[PDB]
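1. Experimental structure and sequence below.
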Amino acid sequence: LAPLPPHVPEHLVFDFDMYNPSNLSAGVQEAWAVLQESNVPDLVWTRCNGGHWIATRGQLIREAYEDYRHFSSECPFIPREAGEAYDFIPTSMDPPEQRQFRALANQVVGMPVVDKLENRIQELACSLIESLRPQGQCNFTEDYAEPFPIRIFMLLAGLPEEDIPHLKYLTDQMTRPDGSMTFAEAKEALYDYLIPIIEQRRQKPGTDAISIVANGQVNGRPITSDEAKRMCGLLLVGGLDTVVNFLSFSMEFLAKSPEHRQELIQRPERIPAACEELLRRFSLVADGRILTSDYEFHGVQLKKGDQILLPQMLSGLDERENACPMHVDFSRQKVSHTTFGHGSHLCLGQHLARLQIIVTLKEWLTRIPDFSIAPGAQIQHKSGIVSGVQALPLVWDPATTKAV
Ligand code: HEM
Ligand SMILES: CC1(C)[C@@H]2CC[C@@]1(C)C(=O)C2
Ligand SMILES: [K+]
């Protein structure tokens, strides 16, 4: 625990550890939701991970993400060393500078590319699931959650699948470090991988996402090799460690709730709405901002240089935003959340993510309508910048399945 700074009043201290929260065994979202109990202020200080603020309510989280003048993305990760090393584009930039880079990232992960890839995405989901179907069991994280998103990303980026274990290792060190590598070491190893590839593809442009970024333009001028590398690194992290984790939360929930499976089997047209409500309930990202200047925010004195975690996960779990927030209701009238962020940094990969999620729900429930958590299994979550599921053993009776 880091010594309490003199400017932080003792009454605002709640020593929450974002990388190993105390209530983790209850589930990761539940573990974070302790910050939303009635006795906890809207804005707390934790002495964990070097000391930082945490906004605990949707109203404050949204407000801070909108106000880039006071809350800068220049240093968006905790601990400070990670945030300081963090230089991915566009995320480490504030408007006005940030904006031009979004358009280029959209050329590779935006709606047009999602439309291009939809066939291969559907094909891979169907292929993976049909292969598992007659087995009556799987290790979901290894057998589907990882390969389905990752193999599609590797295809899009024109990278060999043999590189997956290395890259997945590095990306996991930036979000849920095991202690072997600092964020800076993992980032530099990712850049080390990308540097020769970016040079190659600037010399001989191709069709893949790295080529497109590396040869792209931003507001009418050429992207630099450095800028390309900083954007490609971010795309790799997004491709390898977002949907991969979310799919497991969703499938764990469905495995534990026959009534929700029944709902989507009976009325498959509800799947997009289900996706949205699952994105709220099993929201999984938490990054933040740095104070650009001394600022009074909701009665609290923040100091220039203070880090503030603004957990995207927390907005939709806020009872003030959503009644009975821990309850999954596919018919929820107003699904309020910031799962894909808020303000000028709104997720660029969300259209890809939604497609991958919706394709998975549709194709899984078609073939394996009934399934459960393996007898006696206790599902363990993990927490970090992006939270996840350590393992998800599923079982089903093959006699309840259908080959398409
Ligand atoms: C369930 C899946 C996903 C979730 C929950 C998610 C969440 C987020 C969040 C919360 C942010 C804002 C971060 C901030 O403001 O500091 C963000 C930004 C971003 N995401 Fe996603 N993401 C997902 C999938 C993806 C995928 C698959 C990609 C593909 C590479 C991607 C690419 C990006 C990029 C490039 C940004 C930066 C936009 C900017 O800074 O202007 N995301 N994402
Ligand atoms: C917080 C994020 C999900 C967003 C895309 C990948 C991620 C880890 C980032 O560094 C920005
Ligand atoms: K930085």
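-> Ah, there it is. Numbers count the residues shown, from 1 in each chain. Ligands and ions are numbered 1, 2, ... in the order given.

2. only C-alpha atoms for contact and neighbour calcs from this point on.
-> Fine.

3. Contact partners for the residue nearest to the spatial centre of the chain?
-> A centroid search over the chain (CA atoms, centre = their mean) returns residue 242, at 3.8 Å, as the residue closest to the centre. With CA atoms under 8 Å, 6 or more residues apart in numbering as the criterion, the residues that contact residue 242 are residue 386.

4. so how far is ligand 2 from the spatially closest residue to residue 59 that is not a sequence neighbour?
-> Nearest in space to residue 59, with sequence neighbours left out and distances taken as CA to CA, 6 or more residues apart in numbering, is residue 315 at 7.6 Å. Shown here: residue 315 relative to ligand 2, a distance of 15 Å by CA to the nearest ligand atom, to the nearest Å.

5. Next to ligand 1, which bits of the chain? Give me the list.
-> Residues of the chain lying near ligand 1 by CA under 6 Å from any ligand atom: 90-91, 102, 109, 234-235, 238-239, 242-243, 246, 285, 287, 312, 339-341, 345-350, 352-353.

6. What about these, which are in helices?
-> If you go by DSSP state H, those have 102, 109, 234, 235, 238, 239, 243, 246, 312, 350, 352, 353 in helices.

7. Residue 138 versus the nearest residue to the fifth one once chain neighbours are set aside, what's the distance?
-> With CA to CA, 6+ apart as the criterion, residue 238 has its nearest non-adjacent residue at 7.6 Å, and that residue is residue 349. In this structure, residue 349 lies at 28 Å from residue 138, with CA to CA, to the nearest Å as the measure.

8. So for the two, which sits in the more crowded spot?
-> When residue 349 and residue 138 are compared on other CA atoms under 10 Å, the one with more neighbours turns out to be residue 349, at 21 against 18.

9. List the contacts of the more buried one.
-> 109, 110, 238.

10. now these as TSV including neighbour count and distance to ligand 2?
-> Output for the contacts of residue 349, formatted as TSV (neighbours: other CA atoms under 10 Å; distance: CA to the nearest ligand atom, whole Å):
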residue	neighbour count	distance to ligand 2
109	22	12
110	18	14
238	19	4
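
11. which one of these is nearest residue 10?
-> Comparing the contacts of residue 349 against residue 10 with CA to CA places residue 238 closest, at 37.3 Å.

12. Tell me how far the closest one lies from residue 128.
-> Applying CA to CA, one obtains 22 Å for the distance of residue 238 from residue 128.

13. now the helices for the stretch 251-400 of the chain?
-> Secondary structure of the stretch 251-400 of the chain, counting by DSSP state H, counting those that start in this stretch: helices at 258-266, 271-281, 312-315, 350-367.
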